[PDB]
Amino acid sequence: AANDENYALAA
Amino acid sequence: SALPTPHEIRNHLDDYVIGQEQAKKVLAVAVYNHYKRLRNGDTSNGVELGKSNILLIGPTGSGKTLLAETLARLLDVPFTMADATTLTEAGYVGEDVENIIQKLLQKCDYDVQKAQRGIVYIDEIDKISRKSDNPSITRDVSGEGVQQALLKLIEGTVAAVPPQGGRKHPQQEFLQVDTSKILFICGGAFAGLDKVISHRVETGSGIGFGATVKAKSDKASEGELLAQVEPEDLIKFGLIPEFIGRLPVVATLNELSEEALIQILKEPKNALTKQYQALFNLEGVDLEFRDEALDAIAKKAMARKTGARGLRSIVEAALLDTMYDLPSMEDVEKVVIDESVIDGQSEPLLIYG
Amino acid sequence: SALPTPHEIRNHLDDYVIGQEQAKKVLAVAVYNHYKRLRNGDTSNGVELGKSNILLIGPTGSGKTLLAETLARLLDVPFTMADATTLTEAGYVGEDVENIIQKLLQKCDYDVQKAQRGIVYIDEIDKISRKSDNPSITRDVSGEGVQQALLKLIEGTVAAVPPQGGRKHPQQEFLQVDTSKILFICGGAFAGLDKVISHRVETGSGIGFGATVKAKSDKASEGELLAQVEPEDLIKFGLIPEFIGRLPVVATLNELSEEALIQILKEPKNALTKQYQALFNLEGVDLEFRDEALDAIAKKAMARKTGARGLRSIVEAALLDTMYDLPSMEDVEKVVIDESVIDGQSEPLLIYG
Ligand SMILES: Nc1ncnc2c1ncn2[C@@H]1O[C@H](COP(=O)(O)OP(=O)(O)OP(O)(O)=S)[C@@H](O)[C@H]1O
Ligand SMILES: Nc1ncnc2c1ncn2[C@@H]1O[C@H](COP(=O)(O)OP(=O)(O)OP(O)(O)=S)[C@@H](O)[C@H]1O
C-alpha cells in the first residue's frame, strides 16, 4: 500500500 | 486445584533471594489473597472484596527487581514489568499509561478475563516524584502527569487499551478492560528519603545551650530510618497524597551485610560464583574458591556501597588477567583462588596434569 | 569453528592502538566471554550468565572512540554507536533512548534475534552527568533524566521499537527486543574527576599543631589518579549510584608521550605518514621521513595540547606548499623531509629521476 493505512493523523 | 500457602512461595523465593523476610511475606500474602479472590469469582458473599496494592522502598542492589522476576517463574496468572521513566501522560509523544495493559494482554493471548486477574510490576517509581522546588507554573508530564494518570487505573477504572499499543488515535477502536481487580506493585530506590525522615524523627539540631547535641555516630542507619516511614514523609519526596493513598501496603528492604553478602556468592541458584565456575567448566577447566576470599570480596563490595552488583566488579578485577591468557595455556585442569589474590599480592595457583 | 582467543584479538587491536594494554585486555575478555555465552543457551548446567558492562575513562585523543571502531572490524555480531547528548527523557523533542536499539536492527536487517546478542557502544557519557543538580530544582532531560532511562535498559527489559516506523496502525506488532543479553560499553572524557580523586587520596585530618598527620602528598599523573578511581568518586561527579552499579568493570586510559606519538605515526596500518605516502605514490612520487622530523612533530603536538589529532595539522602545514605545486612539474621521483623543514627555516628536498 503506497498510501498510508490511516490518512488522518494525531499530534 | 489448591492455592499454595505463603510458606511454599517464600521457600521458593529463598532459592533465588537471600534475606528480606518482610518483603517476602508481604509478596506471598498478597499473592495468596489474590488467588483466593480469583477462586471465589462468583463472590457469593454480598461484600465486594477490595484489593490492596504494594510498594517497595529499598536501596540499590537490594533485590527489588530480582523479586519480581523470580515471582514470575512461580506465578500462574499473567505478569508484566514496566518502567515508569518512559511513561508519559496521554496526548504526548511518550507512550500512554494504558500501554502497560497492552503488554499484559500479549502474555495472556489477548484475553480480557485473564488480564483482569493479572499482576503488574512497576519500577523506577521514585524517578517520577515531583520536584517541590520546581514551581507549578511549568507542567510536568514525566513525573506529575504519570502519577495523576495512575490514580484511576490503580483504584480501578475502565481503560481503552489499544490492540497493539503503538498509537492511540481517537477515531480508532480500542478494547475495554476493567482494572477493578488487577494488582499493581510499585518499586523504587528513593534517594534522599532517609534525610527527610531523620529531620522529622530526630529534630536534634541546635547550637544553643538548651538545645541537645547529637553525635554523628548516634545517628541511625539508612536502613533503620527507612523502617520508620510514613506517607507524610513520602509526600515531601515529591509524591502527591492521592497516589500514596492508593498504596496502603508499604514494605522496606534492609541493606546487605558482609555475612549476608557471603551467602550471595554460593547460596543463590544463579550466584556469581556458579556463573564463573560454569564459565570455566565449558573450557575444560575447574574453578575453586575459599571462604576467606569471599569474606574479603564482600568487605570490599560494602565499601563500594553499590549493593550486590559491586561483587561482580571485584571478581572481574581479580580474574581479569586470568581469562586474558587462560585458553592460551595448555595442560591445565583446575584453578584455585587464594585470599592474597584478591588483595593483589599473589596470582591464581594453576593446577597442571 | 573455534572462538578467537584474547591474544589474537589484542594483536589486531594493537595494530591500530598503542599503549592501551589495560583497556585492550578488558575489551578482549568481554568479546571472548560474550561469544562463549552465545554458543551455549545458558550453560551446560542450566544457569544463566549475567553480563558485565564496560566503562572507559580517558582524555580526548587517547583512543576511546578508535577502540570501538576498530573492534567492529573483528566482530561477527551487529555493532552500533550512539550519542548520549541526543538522548532525552520520554515525551520530549529530543531523541528517544529506544532509538539506539533501532540503529542496531538496521545493521542486522531488522533481525530481532541478531540484535538480542549485539554489542552497543556509547560515547561522551560524561555529558549527561549532573552539574550541581543535587537539589533537583528542575528536571534535567539531557542529564539526570537520561541516566534514569538507561537504568533498566542496561539491566535488561523489553523495548518497543517500530519494525518499519509504524507502517500500518492495525496489527502494528512493535518489535520487542530484550536487552538482557546485549552488552553495553560506555566511554567519555571526564574533566575535573582527577581533582576529585586527588582530594580523596589527599591526606590531612586538620590544620594546625593539633594535626597528627603531616598530610604529605606528591604529584601524580592524570592516568595514575584515574586508576585509583572508585564508584564513590563518580557519584560526586554527578552520576546516580544506581547507574554506575550497572557497570562493574571500569577501565582507564593514559596520556601519550613522544615515543607513543612517534610509533603511532608509522607503526599502525592507517598511520598519518602512511596515508600521505599513498597519496603521493599514486602520482608517481615517493616520500620518505626521518626520525628527527618525527621528534619535532611529537614535541609540537604535545606543546599545543591538541592530542593525536594535532599531528595532522602540523603535517599538512609543512607539506602545504609542497603539494600546492607538485602536479605542475614532473620528473620527480622521491621527496625527503628534514627536521629543519618542520621548524619552517628549510624546505623539502626533491629528487629528480
Ligand atoms: N538478595 C539478593 N540475592 C541475589 N541477588 C541479589 C540480591 N539483592 C540484589 N541482588 C542482585 O542485584 C541485582 C538486582 O537489583 P535490584 O535490587 O532488584 O534493583 P535495584 O538495584 O534495587 O534498583 P533497580 O530497580 O534495579 S534501578 C541483580 O544483579 C541481583 O543479582
Ligand atoms: N593510539 C592511537 N593510535 C592511533 N590513533 C590514535 C591513537 N589514539 C588516538 N588516536 C587518534 O585519535 C582519534 C580518535 O579519537 P580518540 O582517540 O578516541 O579521542 P576521543 O576519546 O574519541 O575524543 P572524544 O571527541 O571525546 S570521543 C583518531 O584521529 C585517531 O587516529
# chains A, B, ... in the order shown; residues from 1 in each chain; ligands from 1
>>> residues_around(residues="residue 10 (chain A)", least_positions_apart="2", cutoff="9 Å", atoms="only C-alpha atoms", output="count of residues only")
5
>>> residues_around(residues="residue 51 (chain B)", least_positions_apart="6", cutoff="10 Å", atoms="only C-alpha atoms", output="ChimeraX atom specification")
/B:30,33-34,37,154-156,180-184,248
>>> write_last_selection(atoms="C-alpha atoms", output="PDB file, in the first residue's frame")
ATOM      1  CA  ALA B  30      -0.620 -10.599  48.510  1.00  0.00           C
ATOM      2  CA  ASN B  33      -5.038 -13.241  48.768  1.00  0.00           C
ATOM      3  CA  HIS B  34      -5.132 -12.586  45.017  1.00  0.00           C
ATOM      4  CA  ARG B  37     -10.130 -13.612  45.317  1.00  0.00           C
ATOM      5  CA  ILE B 154      -4.742   1.776  40.263  1.00  0.00           C
ATOM      6  CA  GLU B 155      -8.042   2.326  42.089  1.00  0.00           C
ATOM      7  CA  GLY B 156      -9.835   0.545  39.226  1.00  0.00           C
ATOM      8  CA  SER B 180     -11.018  -3.134  39.433  1.00  0.00           C
ATOM      9  CA  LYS B 181      -9.332  -6.439  40.379  1.00  0.00           C
ATOM     10  CA  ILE B 182      -5.874  -6.035  38.810  1.00  0.00           C
ATOM     11  CA  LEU B 183      -2.994  -5.767  41.286  1.00  0.00           C
ATOM     12  CA  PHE B 184      -0.110  -3.317  40.870  1.00  0.00           C
ATOM     13  CA  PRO B 248      -1.825   1.119  51.643  1.00  0.00           C
TER      14      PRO B 248
END
>>> residues_around(residues="region 140-147 of chain B", least_positions_apart="6", cutoff="6 Å", atoms="only C-alpha atoms", output="VMD selection string")
chain B and resid 88 to 89 128 to 130
>>> interface_residues(of="chain B", to="chain C", cutoff="7 Å", atoms="only C-alpha atoms", output="ChimeraX atom specification")
/B:60,85-86,88,92-94,131,133-134,164,166,270,275,278,304,306,309-310,312-313,316,323-325,327
>>> calpha_fit_and_write(fixed="chain B", moving="chain C", output="compact mmCIF listing (two decimals) with C-alpha atoms, in the first residue's frame")
# COMPACT_ATOMS: atom_id res chain seq x y z
CA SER C 1 -5.88 -27.74 42.94
CA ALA C 2 -4.49 -26.01 46.04
CA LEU C 3 -2.95 -22.55 46.19
CA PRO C 4 0.68 -22.45 47.39
CA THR C 5 1.24 -21.18 50.90
CA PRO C 6 3.46 -18.18 51.71
CA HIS C 7 6.09 -20.46 53.27
CA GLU C 8 6.59 -22.37 50.01
CA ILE C 9 6.68 -19.11 48.06
CA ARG C 10 9.23 -17.64 50.47
CA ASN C 11 11.45 -20.71 50.15
CA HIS C 12 11.72 -20.30 46.38
CA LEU C 13 12.34 -16.56 46.73
CA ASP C 14 14.86 -17.22 49.51
CA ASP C 15 16.95 -19.18 47.00
CA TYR C 16 17.54 -16.13 44.77
CA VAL C 17 17.30 -13.51 47.56
CA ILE C 18 19.16 -13.13 50.86
CA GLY C 19 18.27 -11.13 53.97
CA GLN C 20 14.90 -9.80 52.78
CA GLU C 21 12.48 -11.63 55.08
CA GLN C 22 10.34 -8.51 55.59
CA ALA C 23 9.95 -7.83 51.87
CA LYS C 24 9.52 -11.53 51.05
CA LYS C 25 6.68 -11.84 53.57
CA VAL C 26 4.72 -8.95 52.06
CA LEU C 27 5.09 -10.24 48.50
CA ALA C 28 4.09 -13.77 49.49
CA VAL C 29 0.95 -12.58 51.29
CA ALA C 30 -0.06 -10.43 48.31
CA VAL C 31 0.24 -13.27 45.79
CA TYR C 32 -1.54 -15.64 48.17
CA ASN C 33 -4.33 -13.12 48.77
CA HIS C 34 -4.51 -12.34 45.04
CA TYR C 35 -5.01 -16.01 44.12
CA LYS C 36 -7.76 -16.33 46.74
CA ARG C 37 -9.58 -13.38 45.16
CA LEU C 38 -9.41 -15.17 41.79
CA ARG C 39 -10.96 -18.50 42.84
CA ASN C 40 -14.09 -16.73 44.16
CA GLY C 41 -15.87 -14.03 42.17
CA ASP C 42 -16.34 -11.66 45.13
CA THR C 43 -16.78 -13.84 48.28
CA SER C 44 -19.15 -16.49 49.57
CA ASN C 45 -21.07 -13.64 51.22
CA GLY C 46 -21.03 -11.47 48.07
CA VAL C 47 -18.90 -8.43 49.05
CA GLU C 48 -16.00 -7.38 46.83
CA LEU C 49 -12.40 -7.21 48.09
CA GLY C 50 -10.29 -4.09 47.68
CA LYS C 51 -6.73 -4.65 46.54
CA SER C 52 -3.61 -3.48 48.38
CA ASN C 53 -0.72 -2.13 46.31
CA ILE C 54 2.82 -2.67 47.60
CA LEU C 55 5.58 -0.05 47.74
CA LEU C 56 9.20 -1.22 47.86
CA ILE C 57 11.89 1.15 49.16
CA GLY C 58 15.55 0.19 49.21
CA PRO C 59 19.03 1.16 48.04
CA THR C 60 20.43 0.16 44.68
CA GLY C 61 21.57 -3.44 44.41
CA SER C 62 19.39 -4.54 47.34
CA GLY C 63 17.28 -6.93 45.24
CA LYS C 64 14.28 -4.74 44.39
CA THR C 65 14.38 -5.56 40.68
CA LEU C 66 15.48 -9.14 41.36
CA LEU C 67 12.40 -9.81 43.49
CA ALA C 68 9.99 -8.95 40.67
CA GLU C 69 11.92 -10.99 38.09
CA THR C 70 12.16 -14.01 40.40
CA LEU C 71 8.47 -13.75 41.31
CA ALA C 72 7.50 -14.05 37.64
CA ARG C 73 8.86 -17.61 37.64
CA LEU C 74 6.31 -18.68 40.29
CA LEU C 75 3.35 -16.67 38.95
CA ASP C 76 0.58 -18.43 37.02
CA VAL C 77 -0.94 -15.11 35.83
CA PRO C 78 0.34 -12.51 33.34
CA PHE C 79 3.19 -10.37 34.67
CA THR C 80 4.94 -7.36 33.18
CA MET C 81 7.36 -4.60 34.14
CA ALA C 82 7.41 -0.91 33.28
CA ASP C 83 9.62 2.18 33.37
CA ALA C 84 8.20 5.27 35.06
CA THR C 85 10.65 7.64 33.35
CA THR C 86 9.19 6.81 29.93
CA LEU C 87 5.66 7.66 31.10
CA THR C 88 4.40 11.19 30.45
CA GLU C 89 1.15 13.12 30.49
CA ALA C 90 -1.38 12.54 27.74
CA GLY C 91 -0.95 14.64 24.61
CA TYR C 92 2.86 14.49 24.58
CA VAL C 93 5.62 12.70 22.67
CA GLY C 94 6.51 10.62 25.72
CA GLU C 95 5.09 7.15 26.22
CA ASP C 96 1.49 7.05 27.40
CA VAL C 97 0.50 5.48 30.71
CA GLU C 98 -2.03 3.20 28.99
CA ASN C 99 0.83 1.48 27.13
CA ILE C 100 1.70 -0.36 30.37
CA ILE C 101 -1.58 -2.29 30.17
CA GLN C 102 -0.82 -3.00 26.50
CA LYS C 103 2.37 -4.83 27.49
CA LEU C 104 0.39 -7.05 29.87
CA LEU C 105 -1.93 -8.07 27.02
CA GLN C 106 1.06 -9.26 24.97
CA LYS C 107 1.89 -11.83 27.65
CA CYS C 108 -1.62 -13.34 27.62
CA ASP C 109 -2.01 -13.18 23.80
CA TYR C 110 -4.28 -10.11 23.84
CA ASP C 111 -6.66 -11.69 26.38
CA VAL C 112 -8.65 -9.01 28.20
CA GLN C 113 -9.88 -11.44 30.87
CA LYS C 114 -6.38 -12.64 31.77
CA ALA C 115 -5.00 -9.10 32.00
CA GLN C 116 -7.80 -8.10 34.39
CA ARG C 117 -6.28 -10.45 37.02
CA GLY C 118 -2.64 -9.80 36.12
CA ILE C 119 0.19 -8.41 38.23
CA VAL C 120 2.18 -5.30 37.31
CA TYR C 121 5.53 -4.10 38.66
CA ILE C 122 6.86 -0.54 38.40
CA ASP C 123 10.51 0.41 38.89
CA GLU C 124 12.34 3.64 39.82
CA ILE C 125 9.12 5.30 40.96
CA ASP C 126 11.17 7.94 42.80
CA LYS C 127 12.24 9.55 39.51
CA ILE C 128 8.73 10.95 38.93
CA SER C 129 8.79 12.64 42.35
CA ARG C 130 8.64 16.42 42.40
CA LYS C 131 11.91 18.36 42.69
CA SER C 132 10.88 21.45 44.68
CA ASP C 133 7.90 21.85 42.34
CA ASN C 134 5.43 22.88 45.07
CA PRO C 135 4.89 26.38 43.55
CA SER C 136 3.99 24.69 40.24
CA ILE C 137 5.75 27.26 38.06
CA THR C 138 5.29 24.92 35.08
CA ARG C 139 3.60 21.56 34.66
CA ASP C 140 5.96 18.58 34.83
CA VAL C 141 4.85 15.86 32.42
CA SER C 142 7.65 13.53 33.56
CA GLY C 143 7.13 14.20 37.28
CA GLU C 144 3.91 15.32 38.97
CA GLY C 145 1.99 14.71 35.75
CA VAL C 146 2.72 10.97 35.77
CA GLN C 147 1.48 10.66 39.35
CA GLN C 148 -1.84 12.36 38.55
CA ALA C 149 -2.48 9.97 35.66
CA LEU C 150 -1.75 6.93 37.84
CA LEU C 151 -4.19 8.06 40.57
CA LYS C 152 -7.32 6.60 38.98
CA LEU C 153 -5.46 3.81 37.15
CA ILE C 154 -4.22 2.25 40.39
CA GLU C 155 -7.65 2.59 42.01
CA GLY C 156 -9.42 1.04 39.01
CA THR C 157 -10.96 2.29 35.77
CA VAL C 158 -11.55 1.40 32.14
CA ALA C 159 -8.49 1.76 29.90
CA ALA C 160 -8.82 2.24 26.14
CA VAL C 161 -5.97 0.31 24.50
CA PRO C 162 -5.98 -0.68 20.80
CA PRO C 163 -6.35 -4.46 20.25
CA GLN C 164 -3.96 -4.51 17.28
CA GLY C 165 -2.87 -0.88 17.08
CA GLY C 166 -6.07 0.32 15.41
CA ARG C 167 -6.22 -2.17 12.53
CA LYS C 168 -9.21 -0.47 10.87
CA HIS C 169 -10.92 2.84 11.64
CA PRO C 170 -14.52 1.53 11.34
CA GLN C 171 -15.44 -0.79 14.21
CA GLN C 172 -12.16 -0.19 16.04
CA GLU C 173 -13.51 -1.69 19.29
CA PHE C 174 -10.73 -0.47 21.58
CA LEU C 175 -10.16 -2.97 24.37
CA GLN C 176 -11.65 -1.87 27.70
CA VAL C 177 -9.47 -3.40 30.43
CA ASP C 178 -10.70 -2.63 33.94
CA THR C 179 -7.84 -2.40 36.46
CA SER C 180 -9.97 -2.61 39.61
CA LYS C 181 -8.59 -6.11 40.32
CA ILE C 182 -5.10 -5.64 38.82
CA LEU C 183 -2.39 -5.55 41.47
CA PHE C 184 0.36 -2.93 41.24
CA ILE C 185 3.81 -2.99 42.84
CA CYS C 186 5.98 0.13 42.85
CA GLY C 187 9.70 0.12 43.57
CA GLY C 188 12.49 2.67 43.61
CA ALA C 189 15.62 3.81 45.43
CA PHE C 190 15.10 7.06 47.34
CA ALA C 191 18.06 9.39 47.90
CA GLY C 192 17.73 11.89 50.73
CA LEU C 193 14.63 10.27 52.23
CA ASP C 194 16.76 9.03 55.14
CA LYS C 195 17.67 12.62 56.03
CA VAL C 196 13.99 13.61 55.95
CA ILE C 197 13.11 10.80 58.35
CA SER C 198 16.12 11.63 60.53
CA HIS C 199 15.00 15.26 60.78
CA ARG C 200 11.49 14.24 61.86
CA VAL C 201 12.81 11.68 64.35
CA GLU C 202 15.44 14.18 65.53
CA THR C 203 14.37 15.81 68.79
CA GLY C 204 15.01 19.34 70.07
CA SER C 205 12.33 22.00 70.44
CA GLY C 206 14.77 24.92 70.51
CA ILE C 207 18.32 26.12 71.09
CA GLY C 208 19.66 27.80 74.22
CA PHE C 209 19.06 27.65 77.95
CA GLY C 210 15.30 27.90 77.40
CA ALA C 211 15.25 24.49 75.72
CA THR C 212 13.84 21.88 78.11
CA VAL C 213 14.97 18.92 75.94
CA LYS C 214 18.62 18.08 75.31
CA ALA C 215 17.75 16.80 71.79
CA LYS C 216 19.97 13.74 72.25
CA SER C 217 20.23 11.57 69.14
CA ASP C 218 22.20 8.51 68.05
CA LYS C 219 23.45 7.32 64.68
CA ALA C 220 21.15 4.89 62.87
CA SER C 221 21.55 2.74 59.79
CA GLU C 222 19.80 3.57 56.53
CA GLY C 223 17.57 0.50 56.80
CA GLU C 224 16.56 1.39 60.36
CA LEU C 225 15.47 4.89 59.35
CA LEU C 226 13.50 3.60 56.36
CA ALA C 227 11.54 1.27 58.65
CA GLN C 228 10.19 4.32 60.52
CA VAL C 229 9.02 5.90 57.24
CA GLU C 230 5.50 7.35 57.20
CA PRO C 231 3.35 8.90 54.42
CA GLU C 232 4.13 12.41 55.68
CA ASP C 233 7.83 11.88 54.94
CA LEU C 234 7.10 10.75 51.38
CA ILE C 235 5.00 13.87 50.75
CA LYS C 236 7.98 16.10 51.56
CA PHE C 237 10.03 14.08 49.05
CA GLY C 238 7.79 15.32 46.22
CA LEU C 239 4.92 12.82 46.15
CA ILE C 240 1.23 13.71 45.98
CA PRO C 241 -0.71 12.63 49.13
CA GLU C 242 -3.40 11.07 46.94
CA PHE C 243 -0.79 8.90 45.20
CA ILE C 244 0.75 7.45 48.37
CA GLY C 245 -2.76 6.82 49.70
CA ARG C 246 -3.24 4.21 46.97
CA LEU C 247 -0.33 2.16 48.40
CA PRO C 248 -1.42 1.10 51.91
CA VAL C 249 1.35 -1.44 52.56
CA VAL C 250 4.94 -0.20 52.48
CA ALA C 251 7.97 -2.49 52.65
CA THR C 252 11.59 -1.51 53.22
CA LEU C 253 14.93 -3.16 52.48
CA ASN C 254 18.32 -3.06 54.17
CA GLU C 255 21.90 -2.90 52.94
CA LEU C 256 24.28 -5.87 52.64
CA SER C 257 27.22 -7.04 54.75
CA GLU C 258 30.17 -9.37 54.26
CA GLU C 259 28.15 -12.38 55.41
CA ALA C 260 25.29 -11.53 53.04
CA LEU C 261 27.58 -10.98 50.04
CA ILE C 262 29.55 -14.14 50.88
CA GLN C 263 26.36 -16.21 50.94
CA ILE C 264 25.08 -14.62 47.71
CA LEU C 265 28.26 -15.72 45.94
CA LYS C 266 27.55 -19.45 46.53
CA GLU C 267 24.11 -20.02 48.08
CA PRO C 268 21.81 -18.89 45.20
CA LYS C 269 21.26 -21.12 42.20
CA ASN C 270 22.39 -18.54 39.63
CA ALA C 271 25.24 -17.28 41.79
CA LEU C 272 28.20 -15.38 40.38
CA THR C 273 30.71 -18.07 41.35
CA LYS C 274 28.46 -20.86 40.05
CA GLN C 275 28.15 -19.14 36.66
CA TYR C 276 31.92 -19.07 36.20
CA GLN C 277 32.20 -22.71 37.29
CA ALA C 278 29.79 -23.80 34.56
CA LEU C 279 31.65 -21.68 32.00
CA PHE C 280 34.85 -23.53 32.96
CA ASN C 281 33.25 -26.98 33.34
CA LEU C 282 32.14 -27.08 29.69
CA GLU C 283 35.81 -26.72 28.67
CA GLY C 284 36.88 -29.73 30.75
CA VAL C 285 38.27 -27.54 33.54
CA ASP C 286 37.27 -27.55 37.22
CA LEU C 287 37.20 -24.44 39.41
CA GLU C 288 37.28 -24.05 43.18
CA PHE C 289 37.06 -21.09 45.56
CA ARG C 290 38.20 -20.45 49.14
CA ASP C 291 36.55 -18.73 52.09
CA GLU C 292 39.45 -16.28 52.41
CA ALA C 293 38.94 -15.24 48.79
CA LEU C 294 35.25 -14.50 49.35
CA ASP C 295 36.11 -12.34 52.37
CA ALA C 296 38.42 -10.15 50.28
CA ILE C 297 35.80 -10.01 47.52
CA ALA C 298 33.11 -8.86 49.95
CA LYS C 299 35.40 -6.26 51.52
CA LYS C 300 36.40 -4.89 48.12
CA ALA C 301 32.77 -4.70 47.00
CA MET C 302 31.65 -2.73 50.05
CA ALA C 303 34.85 -0.65 49.91
CA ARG C 304 34.04 0.62 46.41
CA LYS C 305 30.36 1.26 47.30
CA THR C 306 29.27 -0.46 44.08
CA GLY C 307 26.74 -2.85 45.62
CA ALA C 308 26.29 -6.47 44.61
CA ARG C 309 26.98 -5.66 40.96
CA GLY C 310 30.55 -4.69 41.86
CA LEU C 311 31.29 -8.35 42.64
CA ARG C 312 31.30 -9.24 38.93
CA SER C 313 33.86 -6.50 38.24
CA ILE C 314 36.29 -7.92 40.81
CA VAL C 315 35.81 -11.57 39.80
CA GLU C 316 36.37 -10.99 36.07
CA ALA C 317 39.33 -8.71 36.81
CA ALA C 318 41.00 -11.50 38.81
CA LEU C 319 40.36 -14.22 36.19
CA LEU C 320 40.97 -12.03 33.11
CA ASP C 321 44.53 -13.23 32.46
CA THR C 322 43.50 -16.77 33.43
CA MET C 323 40.78 -17.14 30.79
CA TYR C 324 42.69 -15.04 28.24
CA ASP C 325 44.99 -18.02 27.55
CA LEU C 326 43.07 -20.95 29.07
CA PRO C 327 41.94 -22.39 25.68
CA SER C 328 45.53 -22.30 24.36
CA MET C 329 47.03 -24.98 26.61
CA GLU C 330 45.39 -28.21 27.75
CA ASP C 331 45.83 -31.07 30.24
CA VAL C 332 44.47 -28.83 33.04
CA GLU C 333 41.89 -30.44 35.33
CA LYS C 334 41.42 -28.07 38.30
CA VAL C 335 41.99 -24.41 39.16
CA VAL C 336 42.29 -22.96 42.68
CA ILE C 337 41.88 -19.31 43.69
CA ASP C 338 43.56 -17.89 46.80
CA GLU C 339 43.17 -14.67 48.76
CA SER C 340 46.54 -13.38 47.54
CA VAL C 341 45.31 -13.74 43.95
CA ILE C 342 42.56 -11.17 44.57
CA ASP C 343 45.10 -8.80 46.15
CA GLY C 344 47.10 -8.92 42.90
CA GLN C 345 50.34 -10.26 44.42
CA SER C 346 49.77 -13.91 43.38
CA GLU C 347 48.33 -15.96 40.52
CA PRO C 348 45.81 -18.82 40.34
CA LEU C 349 47.10 -22.34 40.91
CA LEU C 350 46.68 -24.78 38.01
CA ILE C 351 46.41 -28.56 38.45
CA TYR C 352 47.45 -30.90 35.64
CA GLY C 353 45.86 -34.33 35.28
>>> interface_residues(of="chain A", to="chain C", cutoff="9 Å", atoms="only C-alpha atoms", output="ChimeraX atom specification")
/A:4-6
>>> write_last_selection(atoms="C-alpha atoms", output="PDB file, in the first residue's frame")
ATOM      1  CA  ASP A   4      -0.773   5.068   4.491  1.00  0.00           C
ATOM      2  CA  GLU A   5      -3.354   2.876   6.208  1.00  0.00           C
ATOM      3  CA  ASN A   6      -4.578   5.971   8.103  1.00  0.00           C
TER       4      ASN A   6
END
>>> select_by_dssp(residues="region 311-353 of chain B", states="helix (DSSP H, G or I)", output="list in words")
residues 311, 312, 313, 314, 315, 316, 317, 318, 320, 321, 322, 323, 324, 325, 339, 340, 341, 342 and 343 of chain B
>>> select_by_dssp(residues="region 68-227 of chain C", states="strand (DSSP E or B)", output="list in words")
residues 79, 80, 81, 82, 83, 87, 95, 119, 120, 121, 122, 123, 160, 161, 175, 176, 183, 184, 185, 186, 187 and 188 of chain C
